[PDB]
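These notes are about the structure you will find just below.
Here the Cβ is made from the backbone with ideal geometry for all residues, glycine too, and neighbour counts use every protein chain on show. Just so it is clear, none of the values below were taken in a lab; they were calculated from the coordinates.
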Amino acid sequence: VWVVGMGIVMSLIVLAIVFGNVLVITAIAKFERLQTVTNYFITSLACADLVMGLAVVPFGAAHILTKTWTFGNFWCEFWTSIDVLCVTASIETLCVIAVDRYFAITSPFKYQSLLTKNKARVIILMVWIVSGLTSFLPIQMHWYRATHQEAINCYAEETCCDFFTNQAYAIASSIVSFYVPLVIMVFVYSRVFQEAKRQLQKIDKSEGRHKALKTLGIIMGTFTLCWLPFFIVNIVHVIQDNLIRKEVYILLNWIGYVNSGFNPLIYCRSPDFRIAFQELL
Ligand SMILES: CN[C@@H]1CCc2c(ccc(O)c2O)[C@H]1O
């Protein structure tokens, strides 16, 4: 009496995720003043989020509400590979943006020489290649498959799709996709905040006659709150099988996806972007 009609809540996520990234891409591409070395990371992240909005969410919604995977097994493997690829690419692009901000702030004179039109292409291509080798190579080769009887029963039957993964693959994927970027971004942002505080003290020293905390809080909190809860259960549920149920795992995984829709609000607030949005509509 309430399961069927509540498809609007899942459809709104798809609509918002598509719309935000579409506007970001259109604003960057069509408008002359928005093209900058930093903006290429933004457009790569926007494309990665658009792939999630167009591929993984619509099929997952059907698989959940219908409780039956109508399609075959090849599409199941392909969809899982797409999911892993997009997630890791998005997180590593966030890490790349953070490191670029660190270089921009800490070394003002020599920022120009390090990043240019040439280096952005190479770094983006290497990030996407690293993301691709994590997902497609182990999943498609069938090297990640489990061993217990339940996994065999699930993988033999075509109509059932569930994620059963070996301990080593889970640990390796979690480490390569989440923790290293988290440590890098934490160190970078702490250093940047310390620099900002030092500059504020320096100016107050002579001009005698908050904002950084708020910005850092938003940037760190949205990412950590959206995804950290997932990888914790991802690592725990393989070490000891009795603890974590499947429903909790699914809920945390779907909570992680919503972070894709919040990226345009977090990373696109410049007055130039506002002018571009106003001109489009
Ligand atoms: C079913 N969805 C997948 C399952 C496991 C997994 C995800 C994302 C990144 C990873 O490194 C993973 O191992 C999830 O999005």
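Of the residues in the range 117-127, how many are surrounded by 10 or more Cβ atoms within 10 Å (Cβ to Cβ) and out of contact with any helix residue (DSSP H, G or I) (no Cβ under 6 Å at 6 or more places or on another chain)?
5
For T147, only one of the following conditions fails: (1) within 28 Å of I64 (Cβ to Cβ); (2) touching a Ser or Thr at 6+ places or on another chain (Cβ under 7 Å); (3) away from the ligand (no atom under 16 Å from the Cβ). What is its number?
(2)
Output the number of residues of the range 245-256 satisfying the condition of being among the β-branched types (V, I, T) and within 13 Å of the ligand (Cβ to nearest atom).
Here the count works out to 2.
Do we find a residue being part of a helix (DSSP H, G or I), over 15 Å from the mean Cα position of the chain (by Cα) and away from the ligand (no atom under 16 Å from the Cβ) anywhere in the range 68-80?
Within the range 68-80, one or more residues are part of a helix (DSSP H, G or I), over 15 Å from the mean Cα position of the chain (by Cα) and away from the ligand (no atom under 16 Å from the Cβ).
Kindly indicate whether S11 is at negative phi, among the hydroxyl-bearing types (S, T, Y) and in contact with a helix residue (DSSP H, G or I) (Cβ under 7 Å, 6 or more places away or on another chain).
no
Within the range 188-243, which residues are over 30 Å from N166 (Cα atoms), of a type in the set (A, V, I, L, M) and exposed (fewer than 14 other Cβ atoms within 10 Å of the Cβ)?
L200, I203, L213, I218
Between a first residue in the range 82-110 that is within 15 Å of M52 (Cα to Cα) and a second residue that is crowded, with 19+ Cβ neighbours inside 10 Å and charged (D, E, K, R), which pairs have beta carbons less than 9 Å apart while being 6 or more apart in sequence or on different chains?
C86/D49; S90/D49
Determine, yes or no, whether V183 is closer than 30 Å to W143 by Cα and within 16 Å of the ligand (Cβ to nearest atom).
Against the criterion (closer than 30 Å to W143 by Cα and within 16 Å of the ligand (Cβ to nearest atom)), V183 does not qualify.
Please specify each residue of the range 92-135 satisfying the condition of being within 16 Å of the ligand (Cβ to nearest atom) and either touching a strand residue (DSSP E or B) at 6+ places or on another chain (Cβ under 6 Å) or closer than 15 Å to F178 by Cα (or both).
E92, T93, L94, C95, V127, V130, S131, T134, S135
Can you name every residue in the range 164-180 that is within 9 Å of the ligand (Cβ to nearest atom) and over 20 Å from the mean Cα position of the chain (by Cα)?
Matches in the range 164-180: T165 only.
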